[PDB]
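Engineer: This is the structure I have questions about; it appears just below.
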Amino acid sequence: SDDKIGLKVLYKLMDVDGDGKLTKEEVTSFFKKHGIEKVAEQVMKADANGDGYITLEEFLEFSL
Ligand SMILES: [La+3]
């Protein structure tokens, strides 16, 4: 649960783009208000793939 209960909550609430995945553009867009900065860094290191997004599946996969 705590694995990403909240992170997911907010995230799921964040994903406004229109897909369900937590992408940078979409992130910085919505996070632009939050800590897009600190988030940008964390997100940048989060992706650790190339330039994708954080999907519920990937979000739970990373927690697992
Ligand atoms: La989205």
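Just so we're on the same page: first chain in the structure tokens is A, next is B, and so on; residues restart at 1 for each chain, and ligands are numbered from 1 in the order they show up.
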Show me which residues line ligand 1, defined as having an atom within 12 Å of a ligand atom where only C-alpha atoms and all ligand atoms count, and present them as a VMD selection string.
Structural biologist: chain A and resid 11 to 30 52 to 56
Engineer: Let's have the selection written as a PDB file, in the first residue's frame, with N, CA and C atoms.
Structural biologist:
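So again.pdb came out as:
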```pdb
ATOM      1  N   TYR A  11      -0.662  11.150  -7.944  1.00  0.00           N
ATOM      2  CA  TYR A  11      -0.334  10.882  -9.334  1.00  0.00           C
ATOM      3  C   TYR A  11      -1.601  10.678 -10.167  1.00  0.00           C
ATOM      4  N   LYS A  12      -2.390   9.696  -9.754  1.00  0.00           N
ATOM      5  CA  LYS A  12      -3.627   9.388 -10.450  1.00  0.00           C
ATOM      6  C   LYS A  12      -4.475  10.657 -10.560  1.00  0.00           C
ATOM      7  N   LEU A  13      -4.349  11.505  -9.550  1.00  0.00           N
ATOM      8  CA  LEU A  13      -5.094  12.751  -9.521  1.00  0.00           C
ATOM      9  C   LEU A  13      -4.390  13.782 -10.406  1.00  0.00           C
ATOM     10  N   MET A  14      -3.087  13.593 -10.558  1.00  0.00           N
ATOM     11  CA  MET A  14      -2.290  14.494 -11.372  1.00  0.00           C
ATOM     12  C   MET A  14      -2.530  14.245 -12.863  1.00  0.00           C
ATOM     13  N   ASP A  15      -2.323  13.000 -13.262  1.00  0.00           N
ATOM     14  CA  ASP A  15      -2.513  12.618 -14.652  1.00  0.00           C
ATOM     15  C   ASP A  15      -3.761  13.313 -15.201  1.00  0.00           C
ATOM     16  N   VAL A  16      -3.529  14.432 -15.870  1.00  0.00           N
ATOM     17  CA  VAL A  16      -4.620  15.199 -16.448  1.00  0.00           C
ATOM     18  C   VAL A  16      -4.514  15.158 -17.974  1.00  0.00           C
ATOM     19  N   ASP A  17      -3.304  14.896 -18.444  1.00  0.00           N
ATOM     20  CA  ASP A  17      -3.056  14.826 -19.874  1.00  0.00           C
ATOM     21  C   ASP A  17      -4.239  14.143 -20.561  1.00  0.00           C
ATOM     22  N   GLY A  18      -4.259  12.822 -20.460  1.00  0.00           N
ATOM     23  CA  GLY A  18      -5.325  12.041 -21.064  1.00  0.00           C
ATOM     24  C   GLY A  18      -4.801  10.697 -21.571  1.00  0.00           C
ATOM     25  N   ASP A  19      -4.310   9.898 -20.634  1.00  0.00           N
ATOM     26  CA  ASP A  19      -3.777   8.589 -20.972  1.00  0.00           C
ATOM     27  C   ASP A  19      -3.762   7.711 -19.719  1.00  0.00           C
ATOM     28  N   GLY A  20      -3.222   8.274 -18.647  1.00  0.00           N
ATOM     29  CA  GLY A  20      -3.140   7.557 -17.387  1.00  0.00           C
ATOM     30  C   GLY A  20      -1.684   7.379 -16.951  1.00  0.00           C
ATOM     31  N   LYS A  21      -0.782   7.762 -17.842  1.00  0.00           N
ATOM     32  CA  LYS A  21       0.640   7.650 -17.563  1.00  0.00           C
ATOM     33  C   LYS A  21       1.166   9.001 -17.074  1.00  0.00           C
ATOM     34  N   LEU A  22       2.172   8.932 -16.214  1.00  0.00           N
ATOM     35  CA  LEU A  22       2.772  10.136 -15.666  1.00  0.00           C
ATOM     36  C   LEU A  22       4.002  10.512 -16.496  1.00  0.00           C
ATOM     37  N   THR A  23       3.769  11.357 -17.490  1.00  0.00           N
ATOM     38  CA  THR A  23       4.844  11.802 -18.362  1.00  0.00           C
ATOM     39  C   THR A  23       5.451  13.104 -17.837  1.00  0.00           C
ATOM     40  N   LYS A  24       6.657  13.387 -18.306  1.00  0.00           N
ATOM     41  CA  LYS A  24       7.356  14.593 -17.894  1.00  0.00           C
ATOM     42  C   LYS A  24       6.515  15.817 -18.266  1.00  0.00           C
ATOM     43  N   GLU A  25       6.387  16.033 -19.567  1.00  0.00           N
ATOM     44  CA  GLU A  25       5.616  17.159 -20.065  1.00  0.00           C
ATOM     45  C   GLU A  25       4.349  17.348 -19.228  1.00  0.00           C
ATOM     46  N   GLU A  26       3.584  16.271 -19.119  1.00  0.00           N
ATOM     47  CA  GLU A  26       2.350  16.304 -18.353  1.00  0.00           C
ATOM     48  C   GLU A  26       2.646  16.605 -16.883  1.00  0.00           C
ATOM     49  N   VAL A  27       3.772  16.084 -16.420  1.00  0.00           N
ATOM     50  CA  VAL A  27       4.180  16.288 -15.040  1.00  0.00           C
ATOM     51  C   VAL A  27       4.516  17.765 -14.827  1.00  0.00           C
ATOM     52  N   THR A  28       5.635  18.175 -15.406  1.00  0.00           N
ATOM     53  CA  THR A  28       6.078  19.553 -15.287  1.00  0.00           C
ATOM     54  C   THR A  28       4.906  20.512 -15.509  1.00  0.00           C
ATOM     55  N   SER A  29       3.985  20.083 -16.359  1.00  0.00           N
ATOM     56  CA  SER A  29       2.816  20.889 -16.665  1.00  0.00           C
ATOM     57  C   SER A  29       1.966  21.078 -15.407  1.00  0.00           C
ATOM     58  N   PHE A  30       1.609  19.957 -14.798  1.00  0.00           N
ATOM     59  CA  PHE A  30       0.802  19.985 -13.591  1.00  0.00           C
ATOM     60  C   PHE A  30       1.659  20.299 -12.364  1.00  0.00           C
ATOM     61  N   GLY A  52       9.922   8.302 -21.132  1.00  0.00           N
ATOM     62  CA  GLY A  52       8.607   7.688 -21.075  1.00  0.00           C
ATOM     63  C   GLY A  52       7.733   8.361 -20.013  1.00  0.00           C
ATOM     64  N   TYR A  53       6.934   7.544 -19.346  1.00  0.00           N
ATOM     65  CA  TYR A  53       6.047   8.045 -18.308  1.00  0.00           C
ATOM     66  C   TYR A  53       5.868   7.012 -17.194  1.00  0.00           C
ATOM     67  N   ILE A  54       5.294   7.471 -16.092  1.00  0.00           N
ATOM     68  CA  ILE A  54       5.060   6.602 -14.951  1.00  0.00           C
ATOM     69  C   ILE A  54       3.608   6.121 -14.971  1.00  0.00           C
ATOM     70  N   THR A  55       3.433   4.884 -15.412  1.00  0.00           N
ATOM     71  CA  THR A  55       2.107   4.296 -15.486  1.00  0.00           C
ATOM     72  C   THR A  55       1.821   3.466 -14.232  1.00  0.00           C
ATOM     73  N   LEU A  56       0.552   3.446 -13.851  1.00  0.00           N
ATOM     74  CA  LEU A  56       0.134   2.699 -12.676  1.00  0.00           C
ATOM     75  C   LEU A  56       0.882   1.365 -12.634  1.00  0.00           C
TER      76      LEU A  56
END
```
Engineer: Where does DSSP see alpha helix (DSSP H) in chain A, if you list the residues as a ChimeraX atom specification?
Structural biologist: /A:5-14,24-31,36-47,56-63
Engineer: Name the residues of chain A that come out as strand (DSSP E or B) in a backbone DSSP run; write them as a VMD selection string.
Structural biologist: chain A and resid 21 to 23 53 to 55
Engineer: Find the distance between CA of residue 59 in chain A and CA of residue 4 in chain A and write it in Å to one decimal.
Structural biologist: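 Between CA of residue 59 in chain A and CA of residue 4 in chain A the gap works out to 7.4 Å.
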Engineer: So what do you get for CA of residue 45 in chain A versus CA of residue 9 in chain A, distance-wise?
Structural biologist: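 So the two atoms, CA of residue 45 in chain A and CA of residue 9 in chain A, lie 20.7 Å apart.
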Engineer: To one decimal in Å, tell me the separation between CA of residue 47 in chain A and CA of residue 62 in chain A.
Structural biologist: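 Going from CA of residue 47 in chain A over to CA of residue 62 in chain A, I get 10.5 Å.
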